[PDB]
$ cat work-v8.cif   # mmCIF, C-alpha atoms and all ligand atoms
data_run
loop_
_atom_site.label_atom_id
_atom_site.label_comp_id
_atom_site.auth_asym_id
_atom_site.auth_seq_id
_atom_site.Cartn_x
_atom_site.Cartn_y
_atom_site.Cartn_z
CA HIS A 1 -1.30 9.33 3.45
CA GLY A 2 0.08 9.18 -0.07
CA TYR A 3 -0.18 7.42 -3.43
CA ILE A 4 2.32 6.04 -5.92
CA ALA A 5 2.99 9.07 -8.11
CA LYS A 6 5.44 7.52 -10.62
CA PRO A 7 4.30 5.64 -12.58
CA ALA A 8 1.40 8.06 -12.67
CA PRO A 9 -2.07 6.99 -11.54
CA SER A 10 -5.36 8.07 -13.03
CA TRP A 11 -8.28 9.01 -10.79
CA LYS A 12 -11.95 7.88 -10.81
CA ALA A 13 -13.75 10.50 -8.65
CA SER A 14 -11.03 12.72 -7.10
CA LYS A 15 -7.30 13.01 -6.97
CA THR A 16 -6.59 12.41 -3.30
CA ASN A 17 -3.85 10.95 -1.08
CA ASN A 18 -6.49 9.65 1.36
CA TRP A 19 -7.03 6.21 2.70
CA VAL A 20 -9.90 4.13 1.35
CA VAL A 21 -11.05 3.02 4.82
CA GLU A 22 -9.97 3.62 8.42
CA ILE A 23 -11.07 0.70 10.61
CA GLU A 24 -10.41 -1.06 13.91
CA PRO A 25 -7.63 -3.65 13.88
CA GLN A 26 -9.12 -6.81 12.36
CA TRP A 27 -7.11 -9.08 14.64
CA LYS A 28 -8.04 -9.18 18.33
CA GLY A 29 -5.12 -8.25 20.61
CA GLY A 30 -3.26 -5.66 22.65
CA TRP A 31 -2.70 -2.94 20.04
CA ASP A 32 -3.52 -0.04 22.43
CA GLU A 33 -1.35 -1.49 25.27
CA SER A 34 1.71 -1.44 22.96
CA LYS A 35 3.87 1.68 22.63
CA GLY A 36 5.19 3.44 19.57
CA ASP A 37 5.33 2.37 15.97
CA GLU A 38 7.59 -0.48 17.13
CA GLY A 39 4.76 -1.75 19.32
CA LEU A 40 2.24 -1.54 16.46
CA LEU A 41 4.55 -3.58 14.20
CA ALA A 42 5.36 -6.12 16.95
CA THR A 43 1.62 -6.63 17.65
CA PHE A 44 1.01 -7.13 13.91
CA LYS A 45 3.87 -9.69 13.76
CA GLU A 46 2.53 -11.51 16.86
CA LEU A 47 -1.06 -11.76 15.57
CA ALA A 48 -0.42 -12.37 11.86
CA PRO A 49 0.11 -16.23 12.00
CA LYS A 50 -3.02 -17.02 14.11
CA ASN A 51 -4.95 -14.84 11.64
CA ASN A 52 -3.60 -16.74 8.52
CA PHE A 53 -1.92 -13.59 7.19
CA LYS A 54 -0.03 -14.04 3.92
CA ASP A 55 0.32 -10.54 2.39
CA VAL A 56 -1.64 -7.29 2.25
CA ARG A 57 -3.22 -8.03 -1.13
CA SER A 58 -4.63 -11.33 0.27
CA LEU A 59 -5.91 -9.47 3.36
CA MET A 60 -7.70 -6.75 1.38
CA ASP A 61 -8.87 -8.26 -1.93
CA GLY A 62 -12.51 -9.35 -1.76
CA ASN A 63 -12.81 -8.31 1.89
CA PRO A 64 -15.59 -5.74 2.11
CA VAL A 65 -14.33 -3.93 5.21
CA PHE A 66 -11.32 -2.78 3.13
CA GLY A 67 -13.61 -0.90 0.73
CA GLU A 68 -13.54 -0.26 -3.01
CA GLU A 69 -11.07 -2.09 -5.25
CA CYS A 70 -8.34 0.31 -6.46
CA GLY A 71 -9.39 3.02 -3.98
CA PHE A 72 -9.69 6.39 -5.71
CA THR A 73 -7.49 5.33 -8.62
CA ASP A 74 -8.83 4.29 -12.02
CA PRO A 75 -7.60 0.98 -13.44
CA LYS A 76 -9.20 1.99 -16.78
CA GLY A 77 -7.14 5.19 -16.92
CA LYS A 78 -4.57 6.02 -19.54
CA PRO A 79 -1.66 3.54 -19.15
CA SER A 80 1.59 5.04 -17.81
CA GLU A 81 5.12 4.14 -18.87
CA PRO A 82 7.14 2.11 -16.37
CA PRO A 83 10.04 4.09 -14.82
CA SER A 84 13.40 3.22 -16.42
CA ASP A 85 15.33 3.00 -13.09
CA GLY A 86 13.73 0.06 -11.27
CA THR A 87 11.79 2.23 -8.86
CA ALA A 88 8.31 3.45 -8.03
CA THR A 89 8.04 6.85 -6.36
CA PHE A 90 5.54 7.79 -3.68
CA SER A 91 3.75 11.15 -3.69
CA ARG A 92 5.35 12.16 -0.36
CA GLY A 93 7.27 10.59 2.48
CA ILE A 94 5.85 7.71 4.48
CA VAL A 95 4.75 8.73 8.02
CA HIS A 96 2.83 5.65 9.22
CA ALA A 97 4.22 2.24 10.17
CA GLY A 98 2.98 -0.95 8.51
CA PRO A 99 3.43 -3.33 5.60
CA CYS A 100 3.16 -2.45 1.93
CA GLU A 101 3.68 -4.18 -1.37
CA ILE A 102 3.60 -3.70 -5.14
CA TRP A 103 2.24 -6.23 -7.64
CA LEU A 104 2.41 -6.28 -11.44
CA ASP A 105 -0.64 -8.34 -12.33
CA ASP A 106 -0.23 -11.56 -10.27
CA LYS A 107 3.53 -11.08 -9.62
CA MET A 108 4.49 -9.53 -6.30
CA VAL A 109 7.53 -7.41 -7.19
CA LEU A 110 8.17 -5.58 -3.90
CA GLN A 111 7.18 -6.23 -0.28
CA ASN A 112 8.24 -4.92 3.10
CA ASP A 113 6.87 -5.41 6.61
CA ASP A 114 7.38 -1.72 7.42
CA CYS A 115 7.51 0.60 4.45
CA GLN A 116 8.11 3.64 6.70
CA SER A 117 11.55 2.37 7.75
CA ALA A 118 12.48 0.78 4.38
CA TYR A 119 11.60 3.50 1.83
CA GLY A 120 11.56 6.86 3.51
CA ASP A 121 13.04 8.85 6.42
CA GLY A 122 9.73 8.94 8.46
CA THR A 123 9.06 12.56 7.32
CA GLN A 124 6.39 13.52 4.79
CA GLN A 125 8.90 16.06 3.32
CA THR A 126 11.34 13.44 1.95
CA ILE A 127 9.90 11.57 -1.03
CA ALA A 128 9.71 7.81 -0.45
CA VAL A 129 11.16 5.66 -3.24
CA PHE A 130 10.28 1.98 -3.59
CA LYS A 131 13.07 -0.22 -4.95
CA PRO A 132 13.90 -2.54 -6.48
CA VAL A 133 10.92 -2.82 -8.86
CA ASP A 134 11.44 -5.02 -11.92
CA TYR A 135 8.84 -4.03 -14.56
CA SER A 136 10.06 -6.52 -17.18
CA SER A 137 6.96 -8.76 -16.94
CA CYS A 138 4.88 -5.79 -18.22
CA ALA A 139 6.45 -6.11 -21.72
CA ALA A 140 3.83 -8.81 -22.68
CA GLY A 141 0.60 -6.83 -22.85
CA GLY A 142 1.32 -4.16 -20.24
CA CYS A 143 0.28 -4.83 -16.69
CA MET A 144 -1.77 -3.48 -13.86
CA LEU A 145 0.42 -2.19 -11.04
CA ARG A 146 -1.30 -2.61 -7.69
CA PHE A 147 -0.09 -0.99 -4.47
CA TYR A 148 -1.37 -2.03 -1.06
CA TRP A 149 -0.42 -0.42 2.23
CA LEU A 150 -1.86 -1.26 5.65
CA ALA A 151 -0.96 1.75 7.76
CA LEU A 152 -1.04 1.30 11.54
CA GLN A 153 -1.69 4.56 13.45
CA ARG A 154 -2.82 5.73 16.89
CA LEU A 155 -5.63 8.32 16.91
CA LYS A 156 -6.27 9.58 20.44
CA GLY A 157 -4.62 6.49 21.94
CA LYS A 158 -6.74 4.17 19.79
CA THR A 159 -5.05 2.04 17.15
CA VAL A 160 -6.62 2.08 13.69
CA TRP A 161 -5.82 0.40 10.41
CA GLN A 162 -5.84 2.63 7.31
CA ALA A 163 -6.02 0.95 3.91
CA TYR A 164 -4.30 2.57 0.95
CA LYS A 165 -4.75 1.03 -2.50
CA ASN A 166 -3.71 2.13 -5.96
CA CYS A 167 -4.21 0.50 -9.36
CA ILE A 168 -1.98 1.97 -12.11
CA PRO A 169 -2.18 0.58 -15.63
CA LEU A 170 1.22 0.40 -17.35
CA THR A 171 2.17 0.21 -21.01
CA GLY A 172 3.87 -2.77 -22.63
CA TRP A 173 5.72 -3.28 -25.90
CA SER A 174 4.76 -6.90 -26.90
CA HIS A 175 1.59 -9.06 -27.27
CA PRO A 176 -0.06 -10.55 -24.17
CA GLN A 177 1.09 -14.10 -23.26
CU CU B 201 -1.76 9.32 6.60
#

$ encode --input "work-v8.cif" --output "structure tokens"
Amino acid sequence: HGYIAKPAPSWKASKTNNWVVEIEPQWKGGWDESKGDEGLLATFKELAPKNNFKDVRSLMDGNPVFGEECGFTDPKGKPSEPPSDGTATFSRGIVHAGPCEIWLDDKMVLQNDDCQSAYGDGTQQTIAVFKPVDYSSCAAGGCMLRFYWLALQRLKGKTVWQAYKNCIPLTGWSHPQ
């Protein structure tokens, strides 16, 4: 669970830290025979090439089983100012394994194969901070920040994929290019 909280999102229907969908793994393999978060990540790594995986945005965008574009967030909301410290801040700590990434329009500015280990302490109590995030491209016209997170979790011994998506419009100081 969680959303990028800084820069601040706007909400369409409800403020919520929920996933957009919770689905079976899309890649056939031995998810449930693996153990721990390490096993979930290793299964993902093993299956990704045969499934033509590039990045989470490519996996989710236009793929109906991943649900609504932008999740619960409103891309037509009031634009937020980029943070001045090269970060984005999550709403809580990160407590599920799996890859996540941040885009500013069509520029991927941050990516990690396991955001849980990279950006938090595995507790929901400690706020996760994404860094480095270079917002400079947003000067020309602002930008849409997009966050994608494919959380891997076991629910009663059964692996699921949870999709988290945010769209956060950001301000910019100069004309579009
Ligand atoms: Cu969760």

$ residues_near_ligand --input "work-v8.cif" --ligand "ligand CU 201 (chain B)" --cutoff "8 Å" --atoms "all atoms listed in the file" --output "PDB file with C-alpha atoms, keeping the file's coordinate frame"
ATOM      1  CA  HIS A   1      -1.300   9.330   3.450  1.00  0.00           C
ATOM      2  CA  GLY A   2       0.080   9.180  -0.070  1.00  0.00           C
ATOM      3  CA  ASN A  18      -6.490   9.650   1.360  1.00  0.00           C
ATOM      4  CA  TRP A  19      -7.030   6.210   2.700  1.00  0.00           C
ATOM      5  CA  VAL A  95       4.750   8.730   8.020  1.00  0.00           C
ATOM      6  CA  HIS A  96       2.830   5.650   9.220  1.00  0.00           C
ATOM      7  CA  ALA A 151      -0.960   1.750   7.760  1.00  0.00           C
ATOM      8  CA  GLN A 162      -5.840   2.630   7.310  1.00  0.00           C
TER       9      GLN A 162
END

$ residues_around --input "work-v8.cif" --residues "residue 13 (chain A)" --least-positions-apart "3" --cutoff "10 Å" --atoms "only C-alpha atoms" --output "list in words"
residues 10, 16, 71, 72, 73 and 74 of chain A

$ closest_residue --input "work-v8.cif" --among "A:111, A:124, A:177, A:51" --to "residue 90 (chain A)" --atoms "only C-alpha atoms"
A:124

$ atom_distance --input "work-v8.cif" --atom1 "CA of residue 159 (chain A)" --atom2 "CA of residue 42 (chain A)"
13.2 Å

$ atom_distance --input "work-v8.cif" --atom1 "CA of residue 36 (chain A)" --atom2 "CA of residue 114 (chain A)"
13.4 Å

$ closest_residue --input "work-v8.cif" --among "A:127, A:155, A:150, A:167" --to "residue 41 (chain A)" --atoms "only C-alpha atoms"
A:150

$ closest_residue --input "work-v8.cif" --among "A:145, A:4, A:160, A:168" --to "residue 44 (chain A)" --atoms "all atoms listed in the file"
A:160

$ closest_residue --input "work-v8.cif" --among "A:158, A:28, A:35, A:92" --to "residue 123 (chain A)" --atoms "only C-alpha atoms"
A:92

$ residues_around --input "work-v8.cif" --residues "residue 176 (chain A)" --least-positions-apart "5" --cutoff "9 Å" --atoms "only C-alpha atoms" --output "mmCIF file with C-alpha atoms, in the frame of the given file"
data_model
loop_
_atom_site.group_PDB
_atom_site.id
_atom_site.type_symbol
_atom_site.label_atom_id
_atom_site.label_comp_id
_atom_site.auth_asym_id
_atom_site.auth_seq_id
_atom_site.Cartn_x
_atom_site.Cartn_y
_atom_site.Cartn_z
ATOM 1 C CA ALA A 139 6.450 -6.110 -21.720
ATOM 2 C CA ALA A 140 3.830 -8.810 -22.680
ATOM 3 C CA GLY A 141 0.600 -6.830 -22.850
ATOM 4 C CA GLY A 142 1.320 -4.160 -20.240
#

$ residues_near_point --input "work-v8.cif" --point "(-10.9, -4.9, 3.6)" --cutoff "12 Å" --atoms "all atoms listed in the file" --output "number ranges by chain"
A: 19-26, 56-71, 148-150, 161-165

$ atom_distance --input "work-v8.cif" --atom1 "CA of residue 113 (chain A)" --atom2 "CA of residue 97 (chain A)"
8.8 Å

$ residues_around --input "work-v8.cif" --residues "residue 112 (chain A)" --least-positions-apart "2" --cutoff "9 Å" --atoms "only C-alpha atoms" --output "JSON, numbers by chain"
{"A": [98, 99, 100, 101, 110, 114, 115, 118]}

$ closest_residue --input "work-v8.cif" --among "A:166, A:134, A:106, A:172" --to "residue 15 (chain A)" --atoms "all atoms listed in the file"
A:166

$ residues_around --input "work-v8.cif" --residues "residue 78 (chain A)" --least-positions-apart "3" --cutoff "10 Å" --atoms "all atoms listed in the file" --output "ChimeraX atom specification"
/A:8-11,74-75,81,168-171

$ residues_near_point --input "work-v8.cif" --point "(5.4, 3.3, -10.2)" --cutoff "6 Å" --atoms "all atoms listed in the file" --output "ChimeraX atom specification"
/A:4,6-7,88-89

$ build_atoms --input "work-v8.cif" --residues "region 24-35 of chain A" --atoms "N, CA, C and O atoms" --output "CSV table (one decimal), keeping the file's coordinate frame"
chain,number,residue,atom,x,y,z
A,24,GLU,N,-11.0,-0.4,12.7
A,24,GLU,CA,-10.4,-1.1,13.9
A,24,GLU,C,-9.5,-2.1,13.4
A,24,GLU,O,-9.7,-2.8,12.4
A,25,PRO,N,-8.4,-2.5,14.2
A,25,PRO,CA,-7.6,-3.6,13.9
A,25,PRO,C,-8.5,-4.9,13.7
A,25,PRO,O,-9.4,-5.1,14.6
A,26,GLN,N,-8.3,-5.6,12.7
A,26,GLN,CA,-9.1,-6.8,12.4
A,26,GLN,C,-8.8,-8.0,13.2
A,26,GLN,O,-9.5,-9.0,13.1
A,27,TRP,N,-7.6,-8.0,13.8
A,27,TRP,CA,-7.1,-9.1,14.6
A,27,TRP,C,-7.2,-8.7,16.1
A,27,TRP,O,-6.7,-7.6,16.4
A,28,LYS,N,-7.8,-9.5,16.9
A,28,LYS,CA,-8.0,-9.2,18.3
A,28,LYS,C,-6.7,-9.3,19.0
A,28,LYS,O,-6.0,-10.3,18.8
A,29,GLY,N,-6.3,-8.2,19.8
A,29,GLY,CA,-5.1,-8.2,20.6
A,29,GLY,C,-4.8,-6.9,21.2
A,29,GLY,O,-5.7,-6.0,21.2
A,30,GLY,N,-3.6,-6.8,21.8
A,30,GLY,CA,-3.3,-5.7,22.6
A,30,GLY,C,-2.6,-4.5,21.9
A,30,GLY,O,-1.7,-3.9,22.5
A,31,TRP,N,-3.2,-4.1,20.8
A,31,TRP,CA,-2.7,-2.9,20.0
A,31,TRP,C,-2.5,-1.7,20.9
A,31,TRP,O,-1.4,-1.1,20.9
A,32,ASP,N,-3.5,-1.3,21.7
A,32,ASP,CA,-3.5,0.0,22.4
A,32,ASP,C,-2.6,-0.1,23.7
A,32,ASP,O,-2.2,1.0,24.1
A,33,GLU,N,-2.3,-1.3,24.1
A,33,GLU,CA,-1.4,-1.5,25.3
A,33,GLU,C,0.1,-1.5,24.8
A,33,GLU,O,1.0,-1.4,25.7
A,34,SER,N,0.4,-1.6,23.5
A,34,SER,CA,1.7,-1.4,23.0
A,34,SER,C,2.1,0.0,22.9
A,34,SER,O,1.2,0.9,22.9
A,35,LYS,N,3.4,0.3,22.8
A,35,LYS,CA,3.9,1.7,22.6
A,35,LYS,C,4.7,1.9,21.3
A,35,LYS,O,5.4,1.0,20.9
